[PDB]
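Some notes on the structure that comes next.
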Protein chains: 4
Amino acid sequence: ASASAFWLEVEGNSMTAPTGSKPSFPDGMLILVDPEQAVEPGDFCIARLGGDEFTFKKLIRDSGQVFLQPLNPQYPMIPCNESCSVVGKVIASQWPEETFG
Amino acid sequence: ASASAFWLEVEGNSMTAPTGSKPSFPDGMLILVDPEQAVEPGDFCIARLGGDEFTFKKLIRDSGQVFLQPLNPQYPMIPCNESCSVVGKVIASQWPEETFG
Amino acid sequence: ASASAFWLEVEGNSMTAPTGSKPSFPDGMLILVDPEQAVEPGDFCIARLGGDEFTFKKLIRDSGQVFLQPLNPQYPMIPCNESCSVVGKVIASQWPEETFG
Amino acid sequence: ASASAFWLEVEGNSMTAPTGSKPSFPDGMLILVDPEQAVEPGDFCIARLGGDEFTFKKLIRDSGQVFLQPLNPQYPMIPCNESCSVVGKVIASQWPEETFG
């Protein structure tokens with residue numbers, strides 16, 4: 001983790017995998033984002049979309065095209081082209097301490 | 001966390017909560033178990049059953065009895081009676097680093 | 001594979017995992033069943049239920065109880081007690097040759 | 001299968017068909033690719049794209065053009081034009097033995 005890494009809290013159910021699937025990042029978990037670490041296909045990342053909004057997804061590539069893939073099958077895949085940029089690689093994830101008291 | 005605390009890998013879907021529920025510990029996650037920390041009602045824990053096997057559940061009380069409750073409604077709750085002992089309180093949970101490449 | 005092993009064809013969608021999950025055994029695949037190989041928790045198997053009907057599921061154990069678990073979240077888990085018996089361990093699975101012509 | 005044929009692991013959900021469809025090649029499956037067997041329309045294959053990267057798709061023809069079609073409707077079809085070459089026909093597919101413990 002570089003000096004640029006920062007923690008974010010997962011929002012929504014787009015990265016919550018179906019029961020029996022892994023990994024899975026339910027709403028409420030914390031994820032560590034590191035801007036200084038490259039994101040390769042298969043890695044989890046934070047990406048910046050058209051409206052400059054941040055999104056937490058898995059970066060994948062198929063037939064030469066890059067997409068932002070959610071772990072929740074009910075959510076759509078997002079083409080990652082010119083208007084999209086990678087903010088950082090997700091390198092860690094844990095439940096906050098408070099979860100256990 | 002005491003020096004006796006140890007990490008364990010979650011196996012199975014018994015502690016995977018319904019999408020949207022908080023918290024959830026899907027198969028593959030790691031949990032930190034501290035034998036030296038008391039387990040109060042509502043706390044998560046590891047329990048030792050009569051078959052020298054273990055179970056990761058939430059400890060609850062009902063009708064003057066102790067029960068081990070799964071976060072997944074499809075799994076049955078078990079009475080933590082005589083032949084069942086608390087191993088330790090779960091005090092942390094995170095995805096193993098290998099999860100992120 | 002012992003001399004007792006035999007092939008079966010997967011029927012139905014109960015062992016078809018959600019998109020993005022693995023393993024998965026869609027209707028139409030072939031599975032190799034070996035009666036002479038023990039089935040341990042976590043293994044795939046063929047079990048014989050009350051009406052003596054065969055079922056292909058994952059054998060699991062939680063809190064001391066055995067269950068037959070389907071990979072398809074929409075299907076129910078089945079308690080595996082006295083009336084249920086393990087026929088054989090599933091040791092291989094492939095698409096039939098005809099699938100590719 | 002010729003001596004040039006080789007096994008490859010399926011990566012991604014692009015060839016995972018909708019539940020109930022036949023066939024389907026979910027992430028984690030192995031496919032046997034034979035460079036010495038011609039790929040006819042309707043056959044599955046491996047293709048080499050302009051980015052020295054590969055793609056596992058079904059080869060189809062349309063409007064006098066060749067296309068690589070994914071079994072998962074959420075992934076886009078790609079024209080197999082000039083800069084795209086067929087590597088070999090997929091002639092077999094199975095789960096790796098490690099899948100069964």
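By order in the structure tokens, chains are A, B, ...; within a chain, residues start at 1; ligands start at 1, following the order shown.
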Identify all chain C residues at most 12 Å from chain A by counting only C-alpha atoms; ligands do not count. Present them as a list in words.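 So the residues of chain C near chain A are residues 15, 16, 17, 18, 19, 20, 21, 22, 23, 24, 58, 69, 70, 71, 72, 73, 74 and 75 of chain C.
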List as a compact mmCIF listing (two decimals) with C-alpha atoms, in the first residue's frame the protein and nucleic acid residues near residue B:77, meaning an atom at most 12 Å away when only C-alpha atoms are counted, but skip any in the same chain fewer than 5 places from it.
```
# COMPACT_ATOMS: atom_id res chain seq x y z
CA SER B 14 -24.26 -20.67 6.56
CA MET B 15 -23.10 -17.15 7.49
CA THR B 55 -19.22 -24.02 13.59
CA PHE B 56 -19.11 -20.28 12.98
CA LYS B 57 -22.37 -18.68 14.14
CA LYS B 58 -23.95 -15.84 16.07
CA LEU B 59 -24.55 -16.56 19.76
CA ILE B 60 -28.07 -15.77 20.99
CA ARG B 61 -30.26 -16.48 24.02
CA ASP B 62 -33.84 -17.74 24.09
CA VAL B 66 -28.16 -20.58 24.32
CA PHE B 67 -28.39 -21.03 20.56
CA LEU B 68 -26.01 -20.72 17.61
CA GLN B 69 -27.78 -18.81 14.87
CA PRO B 70 -26.71 -18.76 11.20
CA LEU B 71 -27.02 -15.53 9.20
CA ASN B 72 -28.38 -17.59 6.28
CA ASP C 62 -23.00 -27.53 9.21
CA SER C 63 -23.28 -27.59 13.00
CA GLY C 64 -23.10 -31.39 12.97
CA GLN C 65 -25.86 -31.95 10.40
```
Exercise: residue A:32 partners within 6 Å, only C-alpha atoms, chain neighbours under 5 positions left out, as a ChimeraX atom specification: /A:6-7,90-92
Just to confirm, what's the straight-line distance from atom CA of residue C:8 to atom CA of residue C:82 in Å (one decimal)? 24.7 Å
Rounded to one decimal in Å, what is the spacing between atom CA of residue C:47 and atom CA of residue B:83?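 Distance between the two atoms: 29.5 Å.
Atom pair atom CA of residue A:86 / atom CA of residue A:45: separated by 7.1 Å.
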As a count of residues only, please: all residues of chain B that backbone DSSP puts in strand (DSSP E or B). 40
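Shortest atom-to-atom contact with residue D:78 among D:11, D:28, D:48, D:43: D:48, counting only C-alpha atoms.
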